[PDB]
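Need a 3D model of the following:
(11 chains)
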Amino acid sequence: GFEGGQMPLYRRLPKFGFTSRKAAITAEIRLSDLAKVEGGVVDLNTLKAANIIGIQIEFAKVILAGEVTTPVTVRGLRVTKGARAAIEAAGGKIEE
Amino acid sequence: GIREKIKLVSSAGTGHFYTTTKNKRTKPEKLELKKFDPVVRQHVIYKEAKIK
Amino acid sequence: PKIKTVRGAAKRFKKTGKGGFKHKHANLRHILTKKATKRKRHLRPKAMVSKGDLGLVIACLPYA
Amino acid sequence: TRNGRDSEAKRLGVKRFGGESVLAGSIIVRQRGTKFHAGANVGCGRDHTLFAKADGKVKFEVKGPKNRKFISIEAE
RNA sequence: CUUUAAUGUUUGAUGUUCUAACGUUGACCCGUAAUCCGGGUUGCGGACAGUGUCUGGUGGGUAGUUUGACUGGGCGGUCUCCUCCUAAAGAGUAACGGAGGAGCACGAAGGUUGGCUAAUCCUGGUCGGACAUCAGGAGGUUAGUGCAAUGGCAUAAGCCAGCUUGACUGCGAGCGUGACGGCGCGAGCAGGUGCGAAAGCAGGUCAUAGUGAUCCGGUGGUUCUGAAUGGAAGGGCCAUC
RNA sequence: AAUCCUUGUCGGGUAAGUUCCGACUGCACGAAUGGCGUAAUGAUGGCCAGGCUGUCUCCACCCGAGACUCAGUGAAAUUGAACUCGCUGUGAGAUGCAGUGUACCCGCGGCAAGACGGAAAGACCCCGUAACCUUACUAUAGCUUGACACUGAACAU
RNA sequence: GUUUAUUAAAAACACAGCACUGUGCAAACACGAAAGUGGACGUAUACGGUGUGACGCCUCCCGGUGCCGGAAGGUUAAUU
RNA sequence: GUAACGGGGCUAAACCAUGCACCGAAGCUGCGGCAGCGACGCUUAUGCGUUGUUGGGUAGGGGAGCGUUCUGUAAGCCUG
RNA sequence: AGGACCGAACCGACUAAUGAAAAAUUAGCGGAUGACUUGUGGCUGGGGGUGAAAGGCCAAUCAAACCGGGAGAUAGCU
RNA sequence: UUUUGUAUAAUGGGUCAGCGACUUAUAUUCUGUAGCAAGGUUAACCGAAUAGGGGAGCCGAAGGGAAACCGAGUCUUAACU
RNA sequence: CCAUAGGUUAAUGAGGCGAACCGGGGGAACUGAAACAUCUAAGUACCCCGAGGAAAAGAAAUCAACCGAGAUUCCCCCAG
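Numbering: from 1, shown residues only, chains lettered A, B, ... in the order given. Coordinates below:
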């Protein structure tokens, strides 16, 4: 980013935003990844064990991505509407 | 650039303000115009205050 | 050694889904009262980086 | 000397010509005065910029007693 | 409350004296065969002087640097923006080519409704004259445009008056113009307004100059964030300097 | 004048003097970054005279050391390769191109007009975002100011 | 007298002399983080610095910049 | 140094006009050869009949190779 | 008597012409009892010394010695 | 060699022989190629051991927003044709 | 005056050299920032003191996050 002596593109443009420390401990979980665990019950801990989310992860959503066939009990996790619907269809249970 | 700048503040009691210029030599009296407050979403009287 | 990121660049740009780069417009920072409101409004939203200076940005930000 | 100065060229002039199909919004002419006047389905901006208000073919024509140039849009 | 006096006690500074810190490059004694040094006695000085830490001043004594480019090198002139010409009837187009302007103004000089039409000259007319104001005419924009020039302008964009805040907030099909940063034009949609009987017009001004990226901060709003938790600070976002 | 105009003007000196000496509108002398004098001194600057002379008119001869030849020894800078002429043009100053003229091959002694000869990556000039040398900026040693410390005791205002 | 060893010997430097100025002795000043040393085993008829440069006749302006003295007021640090 | 046709020379071997010949290049054509890139169609060893066309080249881009030393293949193979 | 005079040694280096010589020669030239010259030893060190001052001299090197190191400094230049 | 341009009288080379200049490491991207493929791959280390273990991690399969958050959507805005 | 300083003996240890590594005391500049001063180079080069076969560090007035870990050192990640 040296443009002769003209003020380079980065320096021209204003800085913005801030980093969220809470974003680094959240996670997104596909529907496909609910089968990867064992026991048919999906906690954070379980996910971690199954190497789906990672050790420093306090929070995790389940997104409508891929597809779930087996019935699953999602526990202590956020779920999107679509994802939730999918889970229901599969024959699964959801709980806070 | 003798013509100084000022801010018309909303009498709705919101923070909202417009900003503008005025010639303070020729026009000593305060500027009061009926401008649209977008927080209230109504046209309110806006009174001149110091830009600071 | 690992490539170091240009930290300023990182601050100023965010990579998008198709490998683009969004950025905040210039001219909406101070000296505002004189600027027409429409212009200001236009400036507000984030803007994609152009084809010309894309390369430079990329160079600056190897880890994106 | 006292004479080095000049301004940036403004790229005025007829942008779309006779018969050119235009999308509504498109600028037909940039100009200083109303060298061309706004005719049917053409708007005149604050800087006298004539622009299509409808999708169609540009149509230059002389009209009125003063014999003024008028740009219209023919329907399409 | 204005203004002081009384009794009780409390910091600030101001010199005079002292002798015990400290000084002694005064004297004598001893280590010692020793003009160093130390110890001892003593005189003088004395809480100063002088040292450390902090602090203002002074400081080419010394150090590190900077000291623009264009330019038929220096000196002079220039550097951003607007208008015209050069520019070869789309756009664009150089020269230390030819000519001029800008670094604002205006709460009306903006919006809208209603109305109006200029310069100059001639003839007549109190003071009144080449040139005020008033009649009759010729003239036809030769005038006017807040300021340069160009292009515009009578449906006036020129001149008067009434009511007003659209010099609105969120957006924006689609175009123009730039290497980019950006700059510009914009019908329409939502909300809420003003003028009008209404159709409508209004997101500043006849248009084109009146301007300055980022960083760093400042002010107001905003629970977006808040490093164990609750807050806060700081940060973000919107407005603005 | 250790004064641009300027070889100022007048006088002296010379047949003739932009210099020299003496005098009379200081471009821009001047009083201890001294003014004006000054005997003596000077490998000091300028000018004039006597003497002297090959300095010169204008060179001549002679004596030695080299140069030349023979024998012995034996360097150097330079060097793209050379079968290495003149002229007029051309190409921006021609041994090498064009046209033309001249010229048998090879030494030796001489001369220096050219080979933009040799020598030193121009010293001038400019450029490029080194070095040393003020009231530029920023610091700073030093000097200086106060506050606290080492630092205590009385008494008065 | 001195001077650019190796293109400059001079009108340059020095000089005796002159003047200003500092310095009271643990002197000013200089070399030294300091101890110390020079100044000087000197003491204002001495020592340092600056300029001028034998001898003779001489030698207005304090507004500017320095230095010296003053301290009434304004402004002004650490500290509080 | 002729030195302002390249020279000789020229009264046309100059100039104008019309015409028909010829010379004249690495242009075009002829014959032979190599290579690139496309078309179609073979029926294949992933290239072949062919068939068009292209092939000056600095900076530079792309493609395909030669050779050198060393390791394996190699206690192999060549070599008094 | 004398930073007195003329003049050898000795110290110098004004003019001249000319590798044996990385500053000499020959012919002349200045000082030559002094602020002279010279032998031996000593001391002063690099932003430092020393300097009758020329930016002179400090080992044929000086507007900041030499040696080694940072170091393959950097070189939008050849 | 450098140049708009060099027989140039612009640079460099007296000749020969030898040596003399785009490397290496680690990151990152794109191309080819091989593996496996919604998966791919392990690092240190253990293991006398180029095996095998080791999946700590990394990249990918989801994005939008400054962020909370939402999520095949999301941000914008009171709300979007 | 006693004492102490000092003095003479005796015993024990030290001293100096050595590649790198190690801990501590001091500590540049070129360079980069396309200039330059904060910054960088870099606590590098260098100088000095001390030690050991290794040194240093080390047994939480440490992290963590309402769950827990359990001295130091070193390697790969975390992460440019």
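
Could you use CA atoms for every contact and neighbour count after this?
Noted.

and the residue nearest the centre of chain D, what is it in contact with?
Taking C-alpha atoms, centre = their mean as the criterion, residue D:29 is the residue nearest the geometric centre of chain D, at 2.6 Å. Residues near residue D:29 by C-alpha atoms under 8 Å, 6 or more residues apart in numbering or on different chains: D:12-16, D:36, D:49-51.

Contacts only, for the closest residue to residue B:38 other than its chain neighbours.
Take residue B:38 and drop its neighbours on the chain: the residue closest to it by C-alpha to C-alpha, 6 or more residues apart in numbering or on different chains is residue B:16, 7.9 Å away. When the contact criterion is C-alpha under 8 Å, 6+ apart, the partners of residue B:16 are B:9-10, B:37-39.

Would you quantify the distance from residue B:16 to chain C?
The gap separating residue B:16 from chain C is 14 Å, by C-alpha to the nearest C-alpha, to the nearest Å.

what does the helix ranked longest in chain A contact?
Among the elements of chain A assigned as helix by DSSP state H, the one spanning the most residues is helix A:81-90. Counting by C-alpha under 8 Å, 6+ apart, helix A:81-90 makes contact with A:31, A:62-65, A:67-72, A:93-94, all of which sit outside it.

Closest one of these to RNA strand E?
Nearest to RNA strand E out of the contacts of helix A:81-90 is residue A:62 (C-alpha to the nearest atom of the strand; 19.9 Å).

From the contact counts, what lies against the host helix or strand of residue A:45?
If you go by DSSP states H and E, residue A:45 is part of helix A:44-49. The contact analysis (3 or more C-alpha pairs under 8 Å, 6 or more residues apart in numbering or on different chains; DSSP states H and E) places helix A:44-49 against no helix or strand.

beta partners of the spatially most central residue of chain A?
Nearest to the mean C-alpha position of chain A, counting by C-alpha atoms, centre = their mean, stands residue A:28 at 0.7 Å. On the basis of DSSP bridges, residue A:28 is bridged to residue A:61.

how about it, what does it touch?
A:53, A:60-63.

so which of those residues comes closest to chain C?
Nearest to chain C, judged by C-alpha to the nearest C-alpha, of the contacts of residue A:28 is residue A:63 at 17.4 Å.

And the strands in chain B?
Applying DSSP state E to chain B gives strands spanning B:4-10, B:17-22, B:32-37, B:42-50.

Format the ones you listed as TSV; extra columns: distance to RNA strand E and mean neighbour count.
Rendered in TSV, the data for these read as follows (distance: least, C-alpha to the nearest atom of the strand, whole Å; neighbours: other C-alpha atoms under 10 Å in any protein chain shown):
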stretch	distance to RNA strand E	mean neighbour count
strand B:4-10	7	20
strand B:17-22	5	16
strand B:32-37	4	16
strand B:42-50	4	16
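
Tell me who's in contact with residue 30.
I'll assume chain A. Residue A:30 makes contact with A:62-67 under the criterion C-alpha under 8 Å, 6+ apart.

hmm, I had chain B in mind actually
Remark: with contacts taken as C-alpha under 8 Å, 6+ apart, residue B:30 is in contact with B:47-48.
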